[PDB]
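Trainee: part one of the complex, untouched from its place in the assembly:
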Amino acid sequence: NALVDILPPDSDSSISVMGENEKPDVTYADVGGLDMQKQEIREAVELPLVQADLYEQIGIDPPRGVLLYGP
Amino acid sequence: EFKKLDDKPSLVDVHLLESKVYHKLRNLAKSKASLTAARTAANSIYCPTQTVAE
Amino acid sequence: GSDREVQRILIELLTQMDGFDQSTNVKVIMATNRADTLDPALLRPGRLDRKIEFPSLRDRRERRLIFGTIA
Amino acid sequence: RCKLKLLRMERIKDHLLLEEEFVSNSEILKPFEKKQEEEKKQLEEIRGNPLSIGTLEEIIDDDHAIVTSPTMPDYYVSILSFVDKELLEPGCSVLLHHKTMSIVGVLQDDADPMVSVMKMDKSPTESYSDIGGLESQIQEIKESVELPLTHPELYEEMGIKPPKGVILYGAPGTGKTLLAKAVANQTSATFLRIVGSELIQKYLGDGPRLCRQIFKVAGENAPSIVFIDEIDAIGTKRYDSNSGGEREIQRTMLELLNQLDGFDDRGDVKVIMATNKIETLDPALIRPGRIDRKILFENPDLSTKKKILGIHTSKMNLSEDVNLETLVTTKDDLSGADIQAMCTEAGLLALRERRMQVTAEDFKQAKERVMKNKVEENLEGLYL
Amino acid sequence: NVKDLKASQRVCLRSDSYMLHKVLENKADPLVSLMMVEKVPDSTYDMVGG
């Protein structure tokens, strides 16, 4: 019982990534409606990946988590 | 000006013109941006068949 | 005590949700099927900022889309 | 003013206590005598290192018991037989040895946060004559609650069993809540105080277990006063419908009869109940011989309202402006919490001035606001 | 020693018999449990302004 080695922040996973190994079975060519939510999901997800700095150089905070809710 | 006077389904047309002008100036960045605006505005139900075709 | 393990796990979500923030990454996406299971320290902003609603009513062009993509 | 000397006298003795105690410890404590030194040799022989707390499930009478530990293995323990074999009972916490388990010893007291709620953490410094007035309805709580404990002498003379219990009721702001805290300050008997709105939980069956605890502590502590503050808050208060509700309310009421007297035959507990809704209580509790004399409170009359206002104005700064005697006159059979609110608000009007003189003008402005909670929280205003 | 030891102070123990070794610099504060799990910043009067 002593700290004798370390383990990287990659290893000792809960489960590996599914976004660069596997790929989901859905795209927005097989989404139909919810066009109203389609404008909202690219604000939250798609724009911070390509450049998170967009929010910062505007001076608006980037949203935190996304709740999806409904029946 | 017609955002102070917004009640208009006639700005849907103005967006589509705006897209065509930008396209022929050969910028697709803001041709896409206006075209996106025009799609959103026609999602609300008042639009002619002609308007949807354009 | 076993129901207190559940609560302890929720507390770690808050800790890691706070720690994650202002980083390039997309702040956690989570979805619910009942919006009566939330708490006022989970739904509170800094954990969940954005609220994308999901209706069942939509409108006639967006219900039209659902008939057509599965068609 | 000029109590400085009394403060210094008191202080001086505190200094003398600090001194004597420190110096005594240091090479005159108990370091150099053989009835400590040789006794502890063989005390530590059978003691650890770990002293491994157990929970006493049951005793067996052969010098053994079955403990279940917090660490989950049982032990059929012995008992060394110097800690007094039968002085330990179920629910006690036991010191087991680091090797083969013997009851090394027994801990009396193990502070639970559940008896913290009942037990006091503050002293109720307002006692007799800061609730002054109702001097005819304090002879039914200091001739049957305070006084038998202070003098069992008077009650040896008549013989029979001493008074048991009281129920206080009347209109809000007659000092009901503080009276109880003021007789328990002076006797210094074991003051448990439990609120009426904590008996009702949104969990079921553990409500009556909480109430059952309160009286076991009372019976364990020979001089005992239990203030149940608010037991009108059992018939107007409910949470969910599956663990609060009617079933919970019935159970708790019945638990309390067994506790208070029932069949238990426990130590002398005085019960003090604040209520003002006296049909939330059993027809087995508002019979007397458990609660003997019953106390009614009415709103204090005008000369009693002079006494109430005199507690409050010893703290108030005074002026040649101030006219106390007209502040009583407007009030007619009103509560002693209106008078207490007027003077606190009169000091709020002083503070706004940013002056430290409280005048007649500050009291009368605050009097009209205090009667406004009775004419405009009433939206009819003048009786329609 | 016991006058340098006090309630709500985390200790280190050495498992030779659980022999109290040193004080632990970090100890728990129960108030931080409340405030952290809630999560609540402080403000000045500029965020009430108006």
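Mentor: Happy to help now that I have it. Residues are numbered from 1 along each chain as shown, chains lettered A, B, ... in the order given.

Trainee: how about the helices in the chain?
Mentor: I'll assume chain A. In chain A, helices defined by DSSP state H lie at A:35-41, A:47-50, A:53-58, listed in chain order.

Trainee: oops, chain E please
Mentor: Along chain E, the segments classed as helices by DSSP H run E:30-38.

Trainee: Can you name the residue of it nearest to chain B?
Mentor: Of the residues in chain E, the one nearest chain B is residue E:50, at a distance of 25.7 Å by C-beta to the nearest C-beta. Where C-beta positions appear, they are placed from N, C-alpha and C, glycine not excepted.

Trainee: burial count for residue D:362?
Mentor: Other residues lying near residue D:362 total 26 when counted by other C-beta atoms under 10 Å in any protein chain shown.

Trainee: Please report how far it lies from residue D:69.
Mentor: With the distance defined as C-beta to C-beta, to the nearest Å, residue D:362 ends up 66 Å from residue D:69.

Trainee: Residue E:38 too?
Mentor: Shown here: residue E:38 relative to residue D:69, a distance of 36 Å by C-beta to C-beta.

Trainee: Neighbour count for those two, which is higher?
Mentor: A direct count of neighbours by other C-beta under 10 Å for residue E:38 and residue D:69 places residue D:69 higher, at 16 against 11.

Trainee: Surely that one and residue D:56 touch.
Mentor: No: using C-beta atoms under 8 Å, residue D:69 is not in contact with residue D:56; the gap is 10.9 Å.

Trainee: Tell me how many other residues crowd the residue of chain E closest to chain B.
Mentor: Other residues near residue E:50 come to 4 when the count uses other C-beta under 10 Å.

Trainee: do the same with residue A:58
Mentor: 9.

Trainee: Could you give the number of residues near residue D:347?
Mentor: Residue D:347 has 19 neighbouring residues, counting by other C-beta under 10 Å.

Trainee: before we move on, what SS does it have?
Mentor: The three-state label for residue D:347, taken from DSSP: H, G, I helix; E, B strand; the rest coil, comes out as helix.

Trainee: Name the nearest residue to it, sequence neighbours excluded.
Mentor: Leaving aside its chain neighbours, residue D:347 sits nearest to residue D:358 (6.1 Å; criterion: C-beta to C-beta, 6 or more residues apart in numbering or on different chains).

Trainee: Now for that neighbour: which residues touch it?
Mentor: Listed by C-beta atoms under 8 Å, 6 or more residues apart in numbering or on different chains, the contact partners of residue D:358 are D:316-319, D:322, D:346-347, D:350.

Trainee: Over to residue A:67?
Mentor: Applying C-beta under 8 Å, 6+ apart, the residues near residue A:67 are C:30-32, C:43, C:48, C:50-52.

Trainee: is chain C contacted by stretch E:29-43?
Mentor: Yes: contact between stretch E:29-43 and chain C is present through E:36-39 (criterion: C-beta under 8 Å from any C-beta of the partner chain).

Trainee: host element of the residue nearest the centre of chain B?
Mentor: For chain B, the residue sitting closest to the mean C-alpha position, by C-alpha atoms, centre = their mean, is residue B:15 at 2.4 Å. Take DSSP states H and E as the rule and residue B:15 turns out to sit in helix B:11-24.

Trainee: while you're at it, add chain F from this line:
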Amino acid sequence: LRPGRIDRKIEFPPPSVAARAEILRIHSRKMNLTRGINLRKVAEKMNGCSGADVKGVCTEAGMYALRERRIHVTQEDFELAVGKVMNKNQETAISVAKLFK
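Mentor: Putting chain F onto the chains we already have gives this:
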């Protein structure tokens, strides 16, 4: 509400238009606007009822400048943002749109 236990009762007014302008101004110093955008002008288009409503004009405006992809928040964003929140303001003043499904 028994008197003796409450000695201060503090109301909060749904804002003035003088107050509603200063709430816009507190949030707009986080933002980077195009110079010459008055926020007194925005507060008069609004009628609001909370300092959250004007917090949402600022928020929505910077999400419109996000879509646009300029650093500066434009005067156009604050026309549209007022009207989005105003529509949402008037749509819980009828009987209340749901916030949880």
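
Trainee: Once more for the neighbour count of residue D:347, now including chain F?
Mentor: The burial count for residue D:347: 20, using other C-beta under 10 Å.

Trainee: Can you verify my assumption that it contacts residue D:316?
Mentor: Yes: Residue D:347 is within contact range of residue D:316, at 6.7 Å (criterion: C-beta under 8 Å).

Trainee: and residue D:19, how many neighbours?
Mentor: Residues within reach of residue D:19, counting by other C-beta under 10 Å, total 10.

Trainee: Who are the packing partners of the lengthiest strand in chain C?
Mentor: The longest strand of chain C (DSSP state E) is strand C:48-53. Judged by 3 or more C-beta pairs under 8 Å, 6 or more residues apart in numbering or on different chains; DSSP states H and E, the packing partners of strand C:48-53 are helix A:35-41, strand A:65-69.

Trainee: Those: which one's closest to residue A:52?
Mentor: Each of those has some distance to residue A:52 by C-beta to C-beta; the shortest is strand A:65-69, at 15.2 Å.

Trainee: Quick check: neighbours of the closest one in the sheet, parallel or antiparallel?
Mentor: Its sheet considered, strand A:65-69 pairs with strand C:29-31 (parallel), strand C:48-53 (parallel) by DSSP bridges.

Trainee: for the residue nearest the centre of chain F, what are its contacts?
Mentor: Centroid check for chain F by C-alpha atoms, centre = their mean gives residue F:54 as the closest residue, at 0.7 Å. Applying C-beta under 8 Å, 6+ apart, we find residue F:54 in contact with F:15, F:20, F:23-24, F:27, F:42-43, F:46, F:48.

Trainee: From these, pick the one nearest residue A:51.
Mentor: Minimum separation from residue A:51 among these (C-beta to C-beta) is found for residue F:27, which lies at 23.3 Å.

Trainee: For that closest one, which non-adjacent residue is closest in space?
Mentor: Ranked by C-beta to C-beta, 6+ apart and with sequence neighbours excluded, the top spatial neighbour of residue F:27 is residue F:58, at 4.2 Å.

Trainee: That neighbour against residue F:24, yeah?
Mentor: Yes: with contact defined as C-beta under 8 Å, residue F:58 reaches residue F:24; the gap is 6.5 Å.

Trainee: Enumerate every residue touching residue 66.
Mentor: Just going to use chain A. Residue A:66 is in contact with A:41, A:44-45, C:27-30, C:48, C:50, C:52, counting by C-beta under 8 Å, 6+ apart.

Trainee: Can you look at chain D instead?
Mentor: Remark: with contacts taken as C-beta under 8 Å, 6+ apart, residue D:66 is in contact with D:57-58, D:60, D:74-77.

Trainee: Could you identify which of these has the most neighbours?
Mentor: Neighbour counts for those peak at residue D:77, which has 22 neighbours (criterion: other C-beta under 10 Å).

Trainee: Could you measure from that one over to chain E?
Mentor: Residue D:77 sits 20 Å away from chain E, taking C-beta to the nearest C-beta, to the nearest Å as the criterion.

Trainee: Tell me if that residue really is in a helix.
Mentor: No: the assignment for residue D:77 by three-state DSSP gives strand, which leaves it out of any helix.
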